[PDB]
């Protein structure tokens, strides 16, 4: 078996496992909307895998499948994280994140040759992963205020991700989401530091650190090109 052949077989298997996880996760939510989204994740994996199964010699087709599989895996993690929280607002944020993954994946499958559409999904996947980490970190604090701020922060990322999804070729919209993702990653790192500390003062510091990330993300959405920075 050649290298292209081996890579194809491996990716098709990875796609199958992803869609299967998506199936399982969605049926556990009992939300008919999430079941529909997971059905859509499965459909996209099969459509993208079917192209690779036909002809595994195209770099673009194999790259499209790989990115779509990464999007499904991230969507799966979002749904699993939401279920762990038992929190209805977090479940709704997860639904919103999964919907964005679906819509961005649909654009990739339709246009595998487009660098922009590829970049949009890539960045959106990174945003989903960062958002899930922020929500998980906030949940671990058990603190109502940190949790609420994390949700505010993820909503700003969702609104910026939608802009990217709808305008993949706009560099300004891309840079805005990158800045917000950076702010989320900084919030996550601050929460980790406070979590590994036994200092109550470090926990109040955490609230404020997440608050500063929210204020940063709000500033970015008001001035996405950083004209004022």
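Positions refer to the first chain, counted from 1.
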### Task
Averaging the C-alpha B factors as listed in the entry, name the stretch that ends up higher: 106-114 or 120-128.
106-114
### Task
May I ask you to compare 220-228 and 1-9 by their mean CA B factor in the entry and name the higher one?
1-9
## Note on the structure
Among 185, 165, 58, 174, the highest C-alpha B-factor in the PDB entry belongs to 58
### Query
Lowest, middle or highest third of the chain for the C-alpha temperature factor of residue 214?
lowest
### Message
Please place residue 26 in the lowest, middle or highest third of its chain according to the CA B-factor in the PDB entry.
### Response
highest
### Task
Would you mind checking where the Cα B-factor of residue 179 ranks among the modelled residues of its chain, as the lowest, middle or highest third?
lowest
### Task
Taking the chain's C-alpha temperature factors as the reference, tell me which third residue 67 falls into: lowest, middle or highest.
middle
### Summary
Here the Cα B-factor of residue 160, set against its chain, lands in the third termed lowest
